[PDB]
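Asker: Requesting a structural model of the entry that follows:
(chains A and B, ligands or ions: 2)
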There are 2 protein chains.
Amino acid sequence: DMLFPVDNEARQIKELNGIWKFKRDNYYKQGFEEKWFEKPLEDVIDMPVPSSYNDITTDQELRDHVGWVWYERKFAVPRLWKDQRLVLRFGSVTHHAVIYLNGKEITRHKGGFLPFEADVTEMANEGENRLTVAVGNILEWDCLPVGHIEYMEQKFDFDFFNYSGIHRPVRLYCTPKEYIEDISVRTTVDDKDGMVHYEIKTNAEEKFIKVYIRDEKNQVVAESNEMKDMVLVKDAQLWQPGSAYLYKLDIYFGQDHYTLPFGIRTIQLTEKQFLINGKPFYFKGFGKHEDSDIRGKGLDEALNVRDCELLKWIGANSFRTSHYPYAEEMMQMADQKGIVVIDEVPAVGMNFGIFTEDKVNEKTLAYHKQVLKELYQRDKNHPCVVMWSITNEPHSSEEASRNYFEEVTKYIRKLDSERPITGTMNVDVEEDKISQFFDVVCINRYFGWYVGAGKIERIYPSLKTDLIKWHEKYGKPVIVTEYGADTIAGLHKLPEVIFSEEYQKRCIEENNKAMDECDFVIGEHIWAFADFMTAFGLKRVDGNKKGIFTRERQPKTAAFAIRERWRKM
Amino acid sequence: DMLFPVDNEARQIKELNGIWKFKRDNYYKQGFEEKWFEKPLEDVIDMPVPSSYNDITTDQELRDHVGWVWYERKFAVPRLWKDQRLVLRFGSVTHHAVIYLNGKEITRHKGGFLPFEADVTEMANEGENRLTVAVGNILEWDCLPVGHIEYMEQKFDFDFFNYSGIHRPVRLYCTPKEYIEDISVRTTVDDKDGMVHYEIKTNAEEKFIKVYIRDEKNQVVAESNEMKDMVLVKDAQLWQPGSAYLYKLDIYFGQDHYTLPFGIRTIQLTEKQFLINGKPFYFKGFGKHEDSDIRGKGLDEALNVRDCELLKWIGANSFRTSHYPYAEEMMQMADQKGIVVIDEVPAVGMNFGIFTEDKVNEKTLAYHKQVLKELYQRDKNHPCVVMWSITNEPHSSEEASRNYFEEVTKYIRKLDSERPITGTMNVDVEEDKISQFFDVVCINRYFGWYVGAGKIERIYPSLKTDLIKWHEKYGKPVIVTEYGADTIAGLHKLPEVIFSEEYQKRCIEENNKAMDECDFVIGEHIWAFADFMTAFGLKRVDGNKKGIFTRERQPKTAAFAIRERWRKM
Ligand SMILES: [Ca+2]
Ligand SMILES: [Ca+2]
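Answerer: Residues are numbered from 1 along each chain as shown, chains lettered A, B, ... in the order given. Ligands and ions are numbered 1, 2, ... in the order given. Shown next is the protein structure:
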């Protein structure tokens, strides 16, 4: 149950962002042992919310902290909210949360990239309250992303910095006590007419509802009094890639009111094409990251607008949420700009045996299904989402992974019978044991970088050969979901060398030549959109330098050649 | 007399380069007053030759030195040289030289970019000798480049750093006592046959001489026993831009032997065109500088080859020896590679009243004529030189500059009737007073940088309008001899901004569009070839950054766009 909070005449949002008080444990779980939540925090510093905490201070100990940290602020409940339902919402807490209201625990959460909330109607006092949030960053074999602890040092095999903090907005909001809990929308098209299937869940199903469908002019085009209905939109304005159209499911229920934007669009996979509204779609874009200077993974909407301007400028039509769900604000923006999205759960780091009883096991599986349920509940109504990605680069050569991912694939397909399912490959085509469960084959391939570094002449034959093998083995359309080269801005050389701006351009260009000679490729996603931070390592010059743009969102040389190609496509 | 030294059966060269001993004056002219030359130098450091001294040490006092420094080394005269004529040659000493041999002064020279020599046949001893060289860097109103001293601080209004030292090889060489002193070669073409007019001077004009003209496979194609003659070369292999062919004037005189490469090629200026061998030539290239890391203006032949590879790669066909004569090794390289050269004397810095009796006056004028004579005598036989430039950016709006440059132009025309004469403009077209004396009008224009900085849309109309005015006022073909923009490697921005790599490309692009619409433009020379060092100033980020290549000879982004254009012309 996770409708995005709204403001209208009936519902109201109180943002709890700004500056909080903050302190870290000085030994493992010190805050829980000493019950720091039972009184205000002492010996604290300021910490912005939303933001990672790791890059804010000058303190290497805080940057590299392993374990739990403690946030605290105060909030008020006005007299005017006296008889309302009160909800405290967290867009995310990375990775693990324990929430305390006035010294008492009210909820917990596992998973750093999906929202959660707590009903505090009967617990919050009028006037001042104290909100205390314990934030833990430890990843074990039953978390997503996967990791483990050694003796404490945090180990993991994914390539992005394990930022921790309150990365997304914290909201206290009110609704009437009889209210709209959940909404599902599915759409079909018969030539010119759209059909809108909706289902609305309330906590008083016998009472009266009024449902409108409004166009972008806010004009009513359909109307009903049923909580579940199928309604026809004559001459429907379809939601198109690069040309969004959003209708509004506008719902009056008792004293309550909720308005849900949605797009009318169809998806169909053929043998070798990806069809949106019947017309072939070729993915041009990037896997991204929630990453920028100072604030780590913290939501930054000005950064988001800049990134969308860059995506439009360079001719991209799509992105993948590597390697975790992004903020709903980004998903709303993609809905509005007509950007096509591959939505991914954080099942990353399942690589180096990995699928064994003492590591990635049935407990990991059950949590993997739960994360998918939550992702679906949050994003099921976004027209921008066209595909679910259930994993990034698992060690799928292991025979034990076959049963694991058959279970995961069956689960998401039971939740959602309409969008294709996929996941990205890094093992050899000959060894993979899971891609047969997918509708689209996605491969991460770094010819000219991790294979044959510097050997420009070998990139084109290498990727073409591999692509054909992937198509011959599975007979499905193929997306190259990652390829590129680390590139230091300002590093030029003639003849070109790895890390130079010229090499990045040539590397991408030869990979593209291989893709252009295949008839079953339905997309190219360059890695990476922008330089981002990684865990420290000798192959990472202050992070991952595969960005086509710098971390400050300025283009390297290759960006202009990619634009010339994508704008002609 | 200044024939380039050669090695053969009769003549021998001894290089005196390597590591010398070095010391600077601690007060003005300390070394002269204390007669340091009378005994070996004491309290010295090592200094390499050839090289500037400014960038070698970690000492700011030496880098910014004003006045004189002292070089010394030892050389040997072999027993085997017993009865030969002995000559000490300096390729250059910047700017002023006093030469001592075994403690006695033997010659002086004024001007930092042209060679000079001294006959030491009767003054060097068999075995060890001591060679001492005083090197002065002070420029006054009668030097070229122009400058002046204020109270000691050196002032000047040219860009580049006032490097000083022994910048070109020092050579002791030997010839027989009766020998070839000078050679002048001129060529004409009648349809398919070439006519080689030569004049040879010796110090015994009555003695027998034998003169061969040899082709590139060293086979005799013409023969004569005259000191001055006119011999036919049937079916002559012409020297062409991009395809050099060099004949050899191979001269046997008594015991002496000298071999002089030369090329057969015609130059003709028409209304609107610059014809070489009767075919229109469009200059594509750069003004350069003698400048690189560590060694300042020191000759570096490895760097010279790299620059010619770069010029070839980028599609250039020419350069101008911006603001002073270059080393002969580079002129020889241009002869062999077919690179067309504009050869320029150091009349730079006559700008801020400049042409007054207390500044640039008749003493300056007479020295300017002498430098031209020395330049002509050195470079008259190079087929690569197609045009003389007698000044760079003088304040030619002053009425007094008219008689000055009419006199300079008429002098150079008497020395050489075959090659066109020019000089580069920076004053406004309405105020210029000297360009009517030239055969080609050369303008330095920085629209988008020094005028309307950052205003990309104003570049094309401004340049086209100025170009038309120059053509209409003088009716001669036009070269844009400088244009461009400072650019920090690695500085990228979208939208572009001055100093970014993207801006340099667009600025050059928009200037090129203006030139392409003008049927009277016969050349474009971008400023600059490579980043180089300047006197310190708030507009100069560790030198002039207008290079298309960095100072380490690697390309910035714009280099690739220039290459596409120049290579399809
Ligand atoms: Ca959110
Ligand atoms: Ca020389």
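
Asker: drop to CA atoms for contacts and neighbour counts, all remaining ones
Answerer: Fine.

Asker: can you map out the strands along the stretch 251-400 of chain A?
Answerer: Under the criterion DSSP state E, counting those that start in this stretch, strands of the stretch 251-400 of chain A are mapped to A:256-262, A:267-269, A:274-276, A:279-280, A:283-287, A:318-320, A:340-344, A:385-392.

Asker: now the helices for the stretch 201-350 of chain A?
Answerer: A:301-313, A:328-337 (DSSP state H, counting those that start in this stretch).

Asker: quick one on the thing from earlier: nearest to residue A:354, out of the strands of the stretch 251-400 of chain A?
Answerer: Smallest distance to residue A:354 across the strands of the stretch 251-400 of chain A (C-alpha to C-alpha): 14.1 Å, for strand A:385-392.

Asker: just to revisit the earlier point, could I get the helices of the stretch 201-350 of chain A as JSON lines with mean neighbour count?
Answerer: Shown next, in JSON lines, are the helices of the stretch 201-350 of chain A (neighbours: other C-alpha atoms under 10 Å in any protein chain shown):
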{"stretch": "helix A:301-313", "mean neighbour count": "15"}
{"stretch": "helix A:328-337", "mean neighbour count": "19"}
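
Asker: Let's have those helices in CSV, adding distance to ligand 1.
Answerer: What follows is the helices of the stretch 201-350 of chain A, written out as CSV (distance: least, C-alpha to the ion, whole Å):
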stretch, distance to ligand 1
helix A:301-313, 11
helix A:328-337, 5
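
Asker: Out of those, the one nearest ligand 2 is which?
Answerer: For those, proximity to ligand 2 was assessed by C-alpha to the ion; helix A:301-313 is nearest, at 52.6 Å.

Asker: so which strand or helix has whichever residue of the stretch 351-500 of chain A sits closest to chain B?
Answerer: When scored by C-alpha to the nearest C-alpha, the stretch 351-500 of chain A has residue A:490 as its residue closest to chain B, at 3.2 Å. Using DSSP states H and E, residue A:490 sits within no helix or strand.

Asker: separation between it and ligand 1?
Answerer: Going from residue A:490 to ligand 1 by C-alpha to the ion, to the nearest Å gives 36 Å.

Asker: what's near enough to touch that residue?
Answerer: A:500-501, B:489-491 (C-alpha atoms under 8 Å, 6 or more residues apart in numbering or on different chains).

Asker: Most neighbours among these, please name it.
Answerer: residue A:501 (27 neighbours; other C-alpha atoms under 10 Å in any protein chain shown).

Asker: For the strands of the stretch 251-400 of chain A, please prepare CSV with the additional fields mean neighbour count.
Answerer: Shown next, in CSV, are the strands of the stretch 251-400 of chain A (neighbours: other C-alpha under 10 Å):
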stretch, mean neighbour count
strand A:256-262, 21
strand A:267-269, 17
strand A:274-276, 19
strand A:279-280, 14
strand A:283-287, 24
strand A:318-320, 24
strand A:340-344, 24
strand A:385-392, 24
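
Asker: Out of the ones you listed, flag the one nearest residue A:523.
Answerer: Here strand A:283-287 is closest among the strands of the stretch 251-400 of chain A (C-alpha to C-alpha), at 4.0 Å.

Asker: List of residues touching that closest one?
Answerer: A:311, A:315-322, A:479, A:481-482, A:522-529, A:566.

Asker: Same list (the strands of the stretch 251-400 of chain A) but as JSON lines, adding distance to residue A:414.
Answerer: Output for those, formatted as JSON lines (distance: least, C-alpha to C-alpha, whole Å):
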{"stretch": "strand A:256-262", "distance to residue A:414": "22"}
{"stretch": "strand A:267-269", "distance to residue A:414": "17"}
{"stretch": "strand A:274-276", "distance to residue A:414": "21"}
{"stretch": "strand A:279-280", "distance to residue A:414": "26"}
{"stretch": "strand A:283-287", "distance to residue A:414": "26"}
{"stretch": "strand A:318-320", "distance to residue A:414": "22"}
{"stretch": "strand A:340-344", "distance to residue A:414": "17"}
{"stretch": "strand A:385-392", "distance to residue A:414": "13"}
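
Asker: distance of the residue of the stretch 301-450 of chain A found nearest chain B from residue A:526?
Answerer: Closest contact between the stretch 301-450 of chain A and chain B, by C-alpha to the nearest C-alpha, is at residue A:310 (9.0 Å). Residue A:310 sits 14 Å away from residue A:526, taking C-alpha to C-alpha, to the nearest Å as the criterion.

Asker: what does residue A:39 give?
Answerer: 50 Å.

Asker: which of those two has more neighbours?
Answerer: residue A:526 (23 against 11).

Asker: I'd say that one and residue A:485 touch.
Answerer: No: assessed by C-alpha atoms under 8 Å, residue A:526 is found out of contact with residue A:485, at 9.5 Å.

Asker: Overlap in contacts, those two.
Answerer: residue A:508.

Asker: still on that earlier bit, ok, the residue of the stretch 351-500 of chain A closest to chain B to residue B:254 distance?
Answerer: 61 Å.

Asker: repeat for residue A:535
Answerer: Taking C-alpha to C-alpha, one finds residue A:535 at 80 Å from residue B:254.

Asker: same question, residue A:257
Answerer: In terms of C-alpha to C-alpha, residue A:257 sits 114 Å off from residue B:254.

Asker: likewise residue A:207?
Answerer: 125 Å.

Asker: how about the residues of chain A near chain B?
Answerer: Within reach of chain B by C-alpha under 8 Å from any C-alpha of the partner chain, chain A has these residues: A:489-494, A:554-557.

Asker: Mind checking which of these are in helices?
Answerer: Counting by DSSP state H, no part of those is found in helices.

Asker: Check those and tell me the two furthest apart.
Answerer: A:494 and A:554 (22.9 Å).

Asker: quick one, which of these two is more surrounded?
Answerer: Counted by other C-alpha under 10 Å, residue A:494 and residue A:554 do not tie: residue A:554 has more neighbours, with 19 against 14.

Asker: Can you tell me, leaving aside adjacent residues, what's nearest to that one?
Answerer: When the adjacent residues along the chain are set aside, residue A:554 lies closest to residue B:493, with 5.4 Å between them (C-alpha to C-alpha, 6 or more residues apart in numbering or on different chains).

Asker: Distance check, the closest residue to ligand 1 within chain A against residue B:436.
Answerer: Relative to ligand 1, the nearest point of chain A is residue A:91 (4.2 Å; C-alpha to the ion). According to C-alpha to C-alpha, residue A:91 and residue B:436 sit 76 Å apart.

Asker: How about the residue of the stretch 101-250 of chain A found nearest chain B, nearest residue that isn't a chain neighbour?
Answerer: Here the stretch 101-250 of chain A gets closest to chain B at one residue, residue A:242, 21.7 Å apart by C-alpha to the nearest C-alpha. Residue nearest to residue A:242 in three dimensions, not counting chain neighbours: residue A:338, with 4.6 Å by C-alpha to C-alpha, 6+ apart.

Asker: before we move on, what about residue A:344?
Answerer: Residue A:344 sits nearest to residue A:389 (C-alpha to C-alpha, 6+ apart), 4.5 Å away.

Asker: The one you found touches residue A:345, doesn't it?
Answerer: Yes: Residue A:389 is within contact range of residue A:345, at 6.6 Å (criterion: C-alpha under 8 Å).

Asker: Tell me where the stretch 101-250 of chain A has strands.
Answerer: A:104-110, A:116-119, A:127-136, A:148-150, A:153-155, A:165-166, A:170-175, A:180-190, A:193-202, A:209-214, A:220-224, A:228-233, A:247-253.

Asker: Tell me if the shortest one is near ligand 1.
Answerer: No: with C-alpha under 5 Å from the ion as the threshold, strand A:165-166 lies outside contact range of ligand 1, at a closest distance of 10.8 Å.

Asker: That strand - contacts with which helices or strands?
Answerer: strand A:51-52 (3 or more C-alpha pairs under 8 Å, 6 or more residues apart in numbering or on different chains; DSSP states H and E).

Asker: buried residues in whichever helix or strand comes after the strand it packs on?
Answerer: Next in sequence after strand A:51-52, counting helices and strands by DSSP H and E, comes helix A:60-63. Using 16 or more other C-alpha atoms under 10 Å in any protein chain shown as the test for burial, helix A:60-63 gives A:62-63.
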